[PDB]
Amino acid sequence: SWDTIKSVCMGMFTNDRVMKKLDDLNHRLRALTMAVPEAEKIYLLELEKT
Amino acid sequence: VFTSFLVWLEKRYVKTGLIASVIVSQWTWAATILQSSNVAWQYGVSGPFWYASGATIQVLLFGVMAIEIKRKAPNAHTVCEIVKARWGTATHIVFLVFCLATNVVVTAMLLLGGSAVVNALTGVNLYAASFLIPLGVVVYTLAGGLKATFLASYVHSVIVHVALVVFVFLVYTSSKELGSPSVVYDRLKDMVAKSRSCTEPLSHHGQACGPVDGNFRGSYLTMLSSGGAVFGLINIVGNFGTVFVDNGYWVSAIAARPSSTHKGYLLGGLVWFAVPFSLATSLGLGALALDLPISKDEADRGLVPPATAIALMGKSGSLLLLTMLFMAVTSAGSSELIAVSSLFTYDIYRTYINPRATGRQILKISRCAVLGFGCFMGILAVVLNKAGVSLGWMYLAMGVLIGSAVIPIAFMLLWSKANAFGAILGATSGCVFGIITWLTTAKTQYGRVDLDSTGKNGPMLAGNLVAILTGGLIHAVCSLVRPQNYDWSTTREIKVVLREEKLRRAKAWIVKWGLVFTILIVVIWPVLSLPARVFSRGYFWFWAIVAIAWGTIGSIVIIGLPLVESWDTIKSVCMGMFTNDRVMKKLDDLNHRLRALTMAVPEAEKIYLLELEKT
């Protein structure tokens, strides 16, 4: 039983659980940005401005 | 596990400064730390110089060889593959047995050196330690990959150098016995006094006393010693064998890209000079000053550095020397286990047994040859150890056996008129002639053939010279009758299972600025110091200051330049551990993406404002 020990160790000294949950939000919001026609364009108009 | 942790850390958060640091690590083994002090204790000051000079002209020239590796037969794996592709099958076994013999001799030296030091330092049984040494160098070889690289080697060169500065700043500045270089000069002039009498029982036979035979006026401070110019002539011949036949250096010369790092070879060949020159002058001459009771047969086993270290700094110095030696021995034995494992897999499991191997079986066999050869060296190190064979006897003899096949490996990379079957009678006549001459010279002038008679500078030189010249002579004579006119095209066709301009420029640079330091260190330095017949009270100060400066400027460069060259990686790793910049950066992406969504929907943005003031 080494997968359980590895999961416990990675769940204490690191923050893989927090990082993994933000990726779900990013992936979900990518669909929303791609769905609305104008919004995506605005995104580009912001990305270069900064 | 330290290297594994470091590489995991580097992976989680994704020239001429660090390739110089791997040449330093890949050329330092146990004989550098142990045998260098032996000749210093035996011959005075012409020992650490002659030892570190003949062993430093090879690091330069091998760079030229590296060029040919990337210009005449690329994407190779070993050295026997090139001769297999060039001169057929009649030579692939004759130059495989020799490549195995060189590899076994080099590691047997490591076993004979590492066991003898740990024996008379902690009380561990000699025969038990002689077998358990090639087990920690096998765990390290397996756990951590098989083709270990930069990050590990850089650690080896820091521990070695951080202990070199201690053993000079102690013996020459900070100690309470020696203290200053002046005291060393005072002690070194008392041992050669003609009024000294040390017959029985005042001193035993074969020890440090009286006037040294061979030196000028019998002094420990001279460069006119005849017993140091014969050992220098031997060290040159015996190191052409462990650089051209080891096959552990072609592995490192294949994974090296000399197109943009030729300066690294020159840089690594100048900092290494301070490892056997700044340590054999402090721990080697520090034992001669203290009049420590060291027998001749005890220095031949490499036991002068531990004696000086213990007598100067007790337990702490003993532990530091043990740590340095055991960092030097494992990192050098791993390079031999890897060399012999790839010598058994890519040379004979695939040209004769299984010509259609895959990526799953190759790894399997190059995982058990490590364990098999590792457990065979542990056995061979017990048979030799119970024979009176010492580290100082194999070093002076390793050029006699393998030195024959040194010329017909350079002919295969730098001469088109090198024919076939010539190396058949050039690499076989050389070995037998050298051994025969060695034995008859050791027998004629002493009347007995034993380890005490075949370990002197008389027979060893007469064997090394003939072994390294007669093979080349026969090969050259045979070449002038049957030309080959090899186009160097077949060797370029091997399975892979403006560029020439850069290579030519790099070769021209490494020949010009490389040969300008060989002349200045091997021909200018001894000649310009010979007229000082006996070192004065001030010239020795210059000689000691040069040694101290060389061991601190280079030691600073080795530790610092890799850090400065690659600083963005260290900064990224540091910021990825103690801070949370990665988490904060990812929220900004979400905020920027959602700003577009809030700006797109007309009403929503307004509602946002109606909320912001309400709270």
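Note that the numbers count up from 1, one per residue, in the order the chain is shown.
Even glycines carry a Cβ here, placed using N, Cα and C.
These come from Swiss-Prot:
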type	residues	note
TRANSMEM	B:49-69	transmembrane segment
TRANSMEM	B:93-113	transmembrane segment
TRANSMEM	B:126-146	transmembrane segment
TRANSMEM	B:150-170	transmembrane segment
TRANSMEM	B:225-245	transmembrane segment
TRANSMEM	B:270-290	transmembrane segment
TRANSMEM	B:322-342	transmembrane segment
TRANSMEM	B:369-389	transmembrane segment
TRANSMEM	B:420-440	transmembrane segment
TRANSMEM	B:461-481	transmembrane segment
TRANSMEM	B:508-528	transmembrane segment
TRANSMEM	B:540-560	transmembrane segment
Beyond the flanks of the transmembrane segment (B:540-560) by at least 6 residues, Cβ under 8 Å: 20-21, 24, 45, 157-158, 161-162, 164-165, 168, 172, 181-182, 184-185, 221, 267, 270-271, 273-274, 277-279, 281-282
Contact yes or no, the transmembrane segment (B:225-245) and the transmembrane segment (B:420-440), 3+ Cβ pairs under 8 Å, gap 6+: no
Contact yes or no, the transmembrane segment (B:369-389) and the transmembrane segment (B:270-290), 3+ Cβ pairs under 8 Å, gap 6+: no
Among the ranges B:49-69, B:93-113, B:126-146, B:270-290, the one whose Cβ pairs under 8 Å to the transmembrane segment (B:420-440) are most numerous: B:93-113
Result, the transmembrane segment (B:49-69) in contact with the transmembrane segment (B:270-290) (3+ CB pairs under 8 Å): yes
Residues of the parent chain within Cβ reach of the transmembrane segment (B:508-528), under 8 Å, 6 or more residues beyond its termini: 49, 53-54, 56-57, 60-61, 63-64, 67, 223, 262, 265-266, 269-270, 273
Long-range environment of the transmembrane segment (B:322-342) - Cβ separation under 8 angstroms, sequence gap at least 6: 25-26, 28-30, 32-34, 77-78, 100, 103, 106-107, 110, 113-114, 117-118, 121, 133-134, 136-138, 140-141, 146-148, 152-153, 156, 159-160, 163, 246-248, 251-252, 366-367, 369-370, 373-374
For the transmembrane segment (B:150-170), sequence-distant contacts whose Cβ falls under 8 Å of one of its Cβ atoms, 6 or more beyond its ends: 2-3, 6-7, 10, 18, 21-22, 24-26, 28, 144, 274-275, 278-279, 282-283, 309, 312-313, 317, 320-321, 323-324, 327-328, 331, 547-548, 551-552, 554-555, 558-559, 562
